[PDB]
Structure formats: structure tokens, C-alpha cells
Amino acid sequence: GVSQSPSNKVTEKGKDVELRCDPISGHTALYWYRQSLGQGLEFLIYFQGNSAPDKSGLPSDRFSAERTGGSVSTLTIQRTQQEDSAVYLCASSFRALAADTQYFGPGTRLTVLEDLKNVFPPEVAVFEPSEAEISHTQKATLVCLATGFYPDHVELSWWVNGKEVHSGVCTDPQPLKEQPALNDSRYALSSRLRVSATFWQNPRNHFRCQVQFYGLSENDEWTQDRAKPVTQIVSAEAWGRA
């Protein structure tokens, strides 16, 4: 399928961003879209070969696309603004204007901020299953809570005994705003891992909650006395209790 890089990009206003798309092999038509929520699919530009027939649809002169290729495409937003924030989707068909199927990539979640003061990594905490739950239904649900993070660019995952698990896992599809009143409000996300009574009661079992945060890079300038809120993994581990 269609590839997109980077998956996420949290940046300060005025800094330039470069988005990349790798279309499906044999796809001469490449399309660039952006999508906000609550909102729909917004057309930016498209290519047929290495030339862009539809340059209109781009929000400003800051926005430009290239496909010298004419395979891989790059969209550049020089001097980024808050309003530029969205999921930037890329698509590809065999050919343009033939009503051919457009296959989309995974998108690039771009978030542009006024200042980096509001940016914070999450606080991960794993909660031991209730003994009342283990007594009543012989099942153990451990809750994970990632809190106080800004912006909402997080990937939650569960790892049992060093390897990732998906069975008996439920993660909130969207984080909630802690103070929905505040403009640059911090976010919170929860997840659940359900296992048997015996599996949790077994002390040779290690359950870790991994949270991939997307923030700053080494390139970006951090002035505050606080620790630089860089792109990082924040974990919370717990062991089986008898």
C-alpha cells in the first residue's frame, strides 16, 4: 500500500515542515489531502507523472508539493501556522481523471503550536486488578492511565513478559481533555488488559504499559528550566501478585 512519513509531527509556529508519500508501485496519479475533525476530506494538490495539474486547493503560498520522481512525493509547508494542523493524507490511483480507485496512506498527524510551553510527556500508571473482581468472576483486569500529556499524539500498547499482546486489550479510541475549558488543555488516555485469575496471581508474570509520546526533537530549542518534552516512551510495569 501507500506509505507516509513521518507518522506524527509536533512543531512550533514559523518552523518549516516536509511531509513525504510513497505511492503504490505503478500508480502515476498521486493525491494530497488534509482532514480535520470535526471536518472532512480537503483536497490540496494532485500529480499525473511528475507534474501537478491542480495547483489550486493549496491553503497558501507557504504550501508547495513536488514529485521530481515521478513516484515519491513531498509536501512542504514553510513557516507553519496553527491552522495548518490536521492529518495530511496521501492517495494514489493508476491514472488521473479515469475514476480509478484512490488508495490512501496512514496519514501524517501534524500539530502546529504558538509556543512549546504547554507541551508535556504523559504520566503512565498501571492499576493492580481488584481482588473483588478476581473473587467474583475469576478474571483480572488491570487499568493503565496515561495522563497530563500535551498534545494528544500518543500510542498505547501492552507488553506481557517482554512481548506485545492484543488479546484481552481495550484502549480508548480517543484521549479525553482534562480541563475541556482551557485552550491548550492537557490530555488523558486509559486502557484495559484482562487476563485469567491464575495468570495475574502468578508472580512469574510481568505486565508493562508502554506509551509512545510524540513531542520535540534534539533540533528544537528548549529555553525553560523544565525537562525538554522530546519524543519518548513512558512505561508503567507491574508483576503478578498472589
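One-based numbering along the sequence shown.
Between the two ranges 197-205 and 65-73, the one averaging a larger CA B factor in the entry: The stretch with the larger average C-alpha B-factor is 197-205.
Mean Cα B-factor comparison, 11-19 or 222-230, giving the higher one as deposited: The deposited B-factors put 222-230 ahead on the C-alpha mean.
Residue with maximal Cα B-factor (values as given in the PDB entry) among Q81, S157, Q138, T147: Across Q81, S157, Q138, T147, the entry lists the biggest C-alpha B-factor for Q138.
Criterion, highest CA B-factor; candidates, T101, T111, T171, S130: The record points to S130.
Assigned third (lowest, middle, highest) for the C-alpha B factor of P175: Tercile = middle for this residue's CA B-factor.
Chain thirds of CA B-factor: placement of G49: Tercile = lowest for this residue's CA B-factor.
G26 - Cα temperature factor, lowest/middle/highest third of chain: For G26, whose C-alpha B-factor we compare with every modelled residue in the chain, the answer is the lowest third.
Record-listed C-alpha B factor of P121: chain third: Answer is middle: the recorded C-alpha B-factor places it there.
Within-chain third of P106 by Cα B-factor, per the entry: For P106, whose C-alpha B-factor we compare with every modelled residue in the chain, the answer is the lowest third.
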